[PDB]
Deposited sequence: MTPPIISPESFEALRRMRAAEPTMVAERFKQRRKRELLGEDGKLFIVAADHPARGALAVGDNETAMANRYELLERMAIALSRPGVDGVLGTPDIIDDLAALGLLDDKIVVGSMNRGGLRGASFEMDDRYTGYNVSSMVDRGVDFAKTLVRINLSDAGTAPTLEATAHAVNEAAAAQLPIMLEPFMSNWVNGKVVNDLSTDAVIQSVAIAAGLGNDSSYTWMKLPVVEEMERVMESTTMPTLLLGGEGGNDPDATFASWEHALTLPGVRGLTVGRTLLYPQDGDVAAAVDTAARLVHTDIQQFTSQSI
(Lines of atoms letter the chains of each structure in order from A and count residues from 1; the text may use other names and numbers.)
(Lines give C-alpha, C1' and ligand atoms only; values in the text may rest on other atoms or scores of the structure.)
Protein backbone atom coordinates (compact mmCIF):
# COMPACT_ATOMS: atom_id res chain seq x y z
CA UNK A 1 0.00 0.00 0.00
CA UNK A 2 1.45 3.39 -1.06
CA UNK A 3 2.39 5.91 1.62
CA UNK A 4 1.14 8.78 -0.55
CA UNK A 5 -2.39 8.43 -1.94
CA UNK A 6 -3.18 10.07 -5.28
CA UNK A 7 -5.49 12.25 -3.17
CA UNK A 8 -2.56 13.64 -1.19
CA UNK A 9 -0.74 14.45 -4.42
CA UNK A 10 -3.76 16.33 -5.70
CA UNK A 11 -3.65 18.37 -2.49
CA UNK A 12 0.11 18.98 -2.81
CA UNK A 13 -0.09 20.18 -6.41
CA UNK A 14 -3.24 22.08 -5.55
CA UNK A 15 -1.47 23.59 -2.55
CA UNK A 16 1.58 24.93 -4.40
CA UNK A 17 -0.80 26.51 -6.90
CA UNK A 18 -3.35 28.31 -4.72
CA UNK A 19 -2.09 28.19 -1.10
CA UNK A 20 1.70 28.58 -1.48
CA UNK A 21 1.97 30.14 1.98
CA UNK A 22 0.96 26.80 3.46
CA UNK A 23 4.22 25.18 2.36
CA UNK A 24 6.22 27.39 4.72
CA UNK A 25 3.51 27.22 7.39
CA UNK A 26 3.39 23.41 7.45
CA UNK A 27 7.17 23.44 7.42
CA UNK A 28 7.37 25.52 10.60
CA UNK A 29 4.62 23.62 12.43
CA UNK A 30 6.84 20.58 11.92
CA UNK A 31 7.73 18.59 15.06
CA UNK A 32 11.47 18.93 15.59
CA UNK A 33 13.90 16.56 17.28
CA UNK A 34 17.43 16.52 18.66
CA UNK A 35 20.14 16.03 16.04
CA UNK A 36 21.63 12.97 17.72
CA UNK A 37 19.50 10.32 19.37
CA UNK A 38 20.35 8.21 22.40
CA UNK A 39 22.78 5.98 20.49
CA UNK A 40 24.44 9.03 18.94
CA UNK A 41 24.08 7.60 15.43
CA UNK A 42 22.45 9.15 12.37
CA UNK A 43 20.86 7.62 9.26
CA UNK A 44 19.80 9.95 6.46
CA UNK A 45 18.37 9.17 3.02
CA UNK A 46 19.60 11.39 0.18
CA UNK A 47 17.72 12.62 -2.88
CA UNK A 48 19.41 15.82 -4.07
CA UNK A 49 20.74 14.28 -7.29
CA UNK A 50 18.02 15.41 -9.75
CA UNK A 51 18.73 19.11 -9.17
CA UNK A 52 22.28 18.45 -10.32
CA UNK A 53 21.08 16.89 -13.56
CA UNK A 54 21.84 13.33 -12.44
CA UNK A 55 18.83 11.01 -12.79
CA UNK A 56 20.76 7.75 -13.29
CA UNK A 57 21.09 4.66 -11.07
CA UNK A 58 21.67 1.93 -13.67
CA UNK A 59 18.80 3.30 -15.69
CA UNK A 60 19.71 6.67 -17.25
CA UNK A 61 16.52 8.55 -18.11
CA UNK A 62 13.98 6.95 -15.78
CA UNK A 63 14.87 6.55 -12.11
CA UNK A 64 14.48 9.88 -10.33
CA UNK A 65 13.05 11.37 -13.53
CA UNK A 66 9.58 10.62 -12.18
CA UNK A 67 9.23 12.97 -9.21
CA UNK A 68 6.03 11.30 -7.97
CA UNK A 69 7.75 7.93 -7.65
CA UNK A 70 10.80 9.60 -6.13
CA UNK A 71 8.55 11.05 -3.43
CA UNK A 72 6.83 7.69 -2.88
CA UNK A 73 10.15 5.87 -2.52
CA UNK A 74 11.18 8.63 -0.11
CA UNK A 75 7.95 8.35 1.89
CA UNK A 76 8.56 4.62 2.25
CA UNK A 77 12.13 5.12 3.47
CA UNK A 78 10.99 7.77 5.98
CA UNK A 79 8.27 5.46 7.31
CA UNK A 80 10.73 2.69 8.18
CA UNK A 81 11.96 2.74 11.78
CA UNK A 82 15.58 3.82 12.03
CA UNK A 83 15.58 6.58 9.41
CA UNK A 84 16.37 9.84 11.18
CA UNK A 85 15.99 12.14 8.21
CA UNK A 86 16.37 13.18 4.60
CA UNK A 87 18.78 15.24 2.50
CA UNK A 88 17.34 17.20 -0.38
CA UNK A 89 17.16 20.37 -2.42
CA UNK A 90 14.40 22.88 -1.52
CA UNK A 91 11.90 21.50 -4.07
CA UNK A 92 12.15 17.98 -2.61
CA UNK A 93 11.95 19.08 1.02
CA UNK A 94 8.99 21.41 0.50
CA UNK A 95 6.91 18.63 -1.07
CA UNK A 96 7.75 16.18 1.71
CA UNK A 97 7.03 18.96 4.21
CA UNK A 98 3.74 19.86 2.53
CA UNK A 99 2.76 16.17 2.59
CA UNK A 100 3.44 16.26 6.32
CA UNK A 101 6.08 13.51 6.29
CA UNK A 102 8.81 15.41 8.17
CA UNK A 103 7.71 15.31 11.83
CA UNK A 104 10.49 14.18 14.16
CA UNK A 105 12.88 13.88 11.24
CA UNK A 106 16.22 15.45 10.41
CA UNK A 107 16.19 17.70 7.36
CA UNK A 108 19.47 18.22 5.52
CA UNK A 109 19.56 20.85 2.81
CA UNK A 110 21.83 20.61 -0.21
CA UNK A 111 23.39 24.00 -0.98
CA UNK A 112 25.22 23.70 -4.31
CA UNK A 113 24.08 22.03 -7.53
CA UNK A 114 25.71 24.30 -10.11
CA UNK A 115 28.25 21.74 -11.31
CA UNK A 116 25.75 19.91 -13.50
CA UNK A 117 26.52 16.35 -14.57
CA UNK A 118 28.18 16.32 -17.98
CA UNK A 119 28.79 20.07 -18.06
CA UNK A 120 32.07 21.53 -19.30
CA UNK A 121 31.73 23.66 -16.18
CA UNK A 122 30.81 21.03 -13.60
CA UNK A 123 33.91 21.71 -11.50
CA UNK A 124 32.50 25.23 -11.04
CA UNK A 125 29.86 23.91 -8.62
CA UNK A 126 28.02 27.15 -7.79
CA UNK A 127 25.64 27.61 -4.85
CA UNK A 128 22.17 27.33 -6.36
CA UNK A 129 20.00 25.80 -3.64
CA UNK A 130 19.59 26.25 0.10
CA UNK A 131 21.57 28.97 1.85
CA UNK A 132 22.00 29.36 5.60
CA UNK A 133 19.49 32.20 5.75
CA UNK A 134 16.60 30.12 4.40
CA UNK A 135 17.61 27.04 6.38
CA UNK A 136 17.68 28.93 9.67
CA UNK A 137 14.33 30.54 8.84
CA UNK A 138 12.71 27.28 7.74
CA UNK A 139 14.18 25.17 10.51
CA UNK A 140 16.21 22.68 8.50
CA UNK A 141 18.62 20.94 10.86
CA UNK A 142 21.65 20.32 8.67
CA UNK A 143 23.45 21.85 5.68
CA UNK A 144 25.33 19.87 3.02
CA UNK A 145 27.82 20.76 0.29
CA UNK A 146 29.56 18.93 -2.55
CA UNK A 147 33.24 19.87 -2.71
CA UNK A 148 34.92 18.21 -5.67
CA UNK A 149 38.55 19.26 -6.00
CA UNK A 150 39.98 19.07 -9.51
CA UNK A 151 43.59 20.26 -9.52
CA UNK A 152 43.67 20.87 -13.27
CA UNK A 153 40.38 22.77 -13.46
CA UNK A 154 40.24 26.48 -12.54
CA UNK A 155 36.58 26.04 -11.66
CA UNK A 156 37.68 24.40 -8.42
CA UNK A 157 39.03 27.73 -7.18
CA UNK A 158 35.73 29.60 -6.89
CA UNK A 159 34.13 26.45 -5.45
CA UNK A 160 36.67 26.24 -2.63
CA UNK A 161 36.06 29.89 -1.77
CA UNK A 162 32.27 29.61 -1.96
CA UNK A 163 32.40 26.52 0.26
CA UNK A 164 34.50 28.45 2.77
CA UNK A 165 31.85 31.17 2.80
CA UNK A 166 29.10 28.58 3.32
CA UNK A 167 30.95 27.23 6.36
CA UNK A 168 31.47 30.78 7.67
CA UNK A 169 27.71 31.32 7.61
CA UNK A 170 26.76 27.86 8.83
CA UNK A 171 29.15 28.03 11.78
CA UNK A 172 28.07 31.55 12.73
CA UNK A 173 24.46 30.34 12.79
CA UNK A 174 25.45 27.21 14.72
CA UNK A 175 24.05 25.12 11.88
CA UNK A 176 25.83 21.79 11.36
CA UNK A 177 27.35 21.65 7.88
CA UNK A 178 28.18 18.44 6.01
CA UNK A 179 30.95 18.58 3.37
CA UNK A 180 31.27 15.85 0.73
CA UNK A 181 34.88 16.08 -0.52
CA UNK A 182 36.51 14.34 -3.48
CA UNK A 183 39.63 14.66 -5.58
CA UNK A 184 38.43 14.65 -9.19
CA UNK A 185 40.06 14.43 -12.61
CA UNK A 186 39.03 14.88 -16.21
CA UNK A 187 39.30 11.50 -17.94
CA UNK A 188 38.13 11.14 -21.53
CA UNK A 189 36.08 14.31 -21.27
CA UNK A 190 34.28 13.15 -18.12
CA UNK A 191 34.73 13.86 -14.42
CA UNK A 192 35.80 10.84 -12.38
CA UNK A 193 36.28 10.96 -8.62
CA UNK A 194 39.53 9.41 -7.42
CA UNK A 195 38.48 6.80 -4.87
CA UNK A 196 42.01 5.71 -3.93
CA UNK A 197 42.75 5.84 -0.21
CA UNK A 198 45.32 8.63 -0.48
CA UNK A 199 43.08 10.84 -2.63
CA UNK A 200 40.23 10.63 -0.13
CA UNK A 201 42.64 11.50 2.67
CA UNK A 202 44.00 14.49 0.76
CA UNK A 203 40.46 15.74 0.05
CA UNK A 204 39.58 15.57 3.74
CA UNK A 205 42.65 17.56 4.80
CA UNK A 206 41.62 20.25 2.31
CA UNK A 207 37.89 20.34 3.08
CA UNK A 208 38.49 20.38 6.84
CA UNK A 209 40.45 23.61 6.42
CA UNK A 210 37.60 25.46 4.67
CA UNK A 211 35.81 28.09 6.73
CA UNK A 212 36.79 30.53 9.48
CA UNK A 213 35.36 28.24 12.15
CA UNK A 214 35.32 24.48 11.69
CA UNK A 215 33.46 23.50 14.85
CA UNK A 216 30.21 22.67 13.08
CA UNK A 217 31.53 20.82 10.06
CA UNK A 218 30.94 17.14 9.35
CA UNK A 219 32.37 14.91 6.63
CA UNK A 220 30.40 12.81 4.17
CA UNK A 221 32.91 10.28 2.85
CA UNK A 222 32.88 7.30 0.46
CA UNK A 223 33.62 3.83 1.85
CA UNK A 224 37.02 3.16 0.32
CA UNK A 225 39.98 0.78 0.55
CA UNK A 226 41.87 0.97 3.89
CA UNK A 227 39.11 3.02 5.76
CA UNK A 228 40.61 3.15 9.22
CA UNK A 229 43.46 4.97 7.73
CA UNK A 230 41.13 7.41 5.99
CA UNK A 231 39.49 7.98 9.36
CA UNK A 232 42.86 8.93 10.83
CA UNK A 233 42.49 11.99 8.59
CA UNK A 234 40.06 13.89 10.81
CA UNK A 235 38.58 14.18 14.26
CA UNK A 236 35.31 15.34 12.72
CA UNK A 237 31.96 13.51 12.83
CA UNK A 238 31.64 11.47 9.65
CA UNK A 239 28.74 10.01 7.69
CA UNK A 240 29.19 7.41 4.97
CA UNK A 241 27.74 7.60 1.46
CA UNK A 242 26.76 4.78 -0.88
CA UNK A 243 27.62 5.83 -4.41
CA UNK A 244 27.04 3.94 -7.67
CA UNK A 245 25.79 0.63 -6.29
CA UNK A 246 27.55 -2.43 -7.66
CA UNK A 247 24.98 -5.68 -2.95
CA UNK A 248 25.68 -7.84 0.09
CA UNK A 249 29.34 -6.89 -0.27
CA UNK A 250 28.30 -3.23 -0.20
CA UNK A 251 26.41 -3.57 3.09
CA UNK A 252 29.38 -5.45 4.55
CA UNK A 253 31.83 -2.64 3.78
CA UNK A 254 29.50 -0.15 5.46
CA UNK A 255 29.16 -2.38 8.51
CA UNK A 256 32.95 -2.45 8.90
CA UNK A 257 33.53 1.26 8.32
CA UNK A 258 30.64 1.99 10.67
CA UNK A 259 32.83 0.71 13.53
CA UNK A 260 35.68 3.14 12.84
CA UNK A 261 36.52 6.09 15.17
CA UNK A 262 34.39 9.15 14.48
CA UNK A 263 31.95 7.51 12.08
CA UNK A 264 28.43 8.51 13.14
CA UNK A 265 26.26 6.89 10.51
CA UNK A 266 24.99 6.91 6.94
CA UNK A 267 23.74 9.42 4.35
CA UNK A 268 22.89 7.16 1.43
CA UNK A 269 20.62 7.72 -1.54
CA UNK A 270 20.98 5.99 -4.92
CA UNK A 271 21.42 2.52 -3.36
CA UNK A 272 18.60 2.58 -0.78
CA UNK A 273 16.01 4.16 -3.11
CA UNK A 274 15.94 2.34 -6.46
CA UNK A 275 17.68 -0.81 -5.24
CA UNK A 276 18.89 -3.29 -7.88
CA UNK A 277 15.72 -5.28 -7.18
CA UNK A 278 12.22 -4.13 -6.32
CA UNK A 279 12.25 -3.72 -2.54
CA UNK A 280 12.91 -0.30 -1.02
CA UNK A 281 11.44 -1.15 2.38
CA UNK A 282 13.85 -4.08 2.61
CA UNK A 283 16.97 -2.18 1.56
CA UNK A 284 16.22 0.67 3.97
CA UNK A 285 15.70 -1.74 6.90
CA UNK A 286 19.03 -3.46 6.29
CA UNK A 287 20.85 -0.12 6.34
CA UNK A 288 18.69 1.04 9.25
CA UNK A 289 19.46 -1.99 11.42
CA UNK A 290 23.11 -1.47 10.50
CA UNK A 291 23.14 2.07 11.92
CA UNK A 292 20.73 1.71 14.84
CA UNK A 293 21.41 -1.76 16.20
CA UNK A 294 18.19 -1.29 18.19
CA UNK A 295 20.02 -1.59 21.53
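No C-alpha positions are given in the record for the deposited-sequence stretches 1 to 2, 249 to 250, 300 to 307.
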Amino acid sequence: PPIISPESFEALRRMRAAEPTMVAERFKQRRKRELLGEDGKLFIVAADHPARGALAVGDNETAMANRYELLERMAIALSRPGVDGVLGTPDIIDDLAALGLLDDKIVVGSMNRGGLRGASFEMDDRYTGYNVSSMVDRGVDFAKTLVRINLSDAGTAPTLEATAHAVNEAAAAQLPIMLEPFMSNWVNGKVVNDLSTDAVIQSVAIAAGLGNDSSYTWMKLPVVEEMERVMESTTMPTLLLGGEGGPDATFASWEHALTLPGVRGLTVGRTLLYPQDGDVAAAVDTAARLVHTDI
From here on, numbers count along this sequence of modelled residues.
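Two stretches are in play, 13 to 21 and 273 to 281, and the higher mean C-alpha B-factor belongs to 273 to 281. Of the two segments, 160 to 168 and 184 to 192, the one listed with the higher mean B-factor is 184 to 192 (C-alpha atoms only).
For the set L70, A46, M227, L239, the PDB entry puts the maximum C-alpha B factor at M227. Ranked by C-alpha B-factor against the other modelled residues of its chain, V57 falls in the highest third. In this PDB entry, the Cα temperature factor of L101 sits in the middle third of its chain's modelled residues.
When the modelled residues of the chain are ordered by C-alpha B-factor, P222 sits in the middle third.
Split the chain's modelled residues into thirds by C-alpha temperature factor. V263 is in the middle one. Among all modelled residues in its chain, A51 ranks in the lowest third by Cα B-factor.
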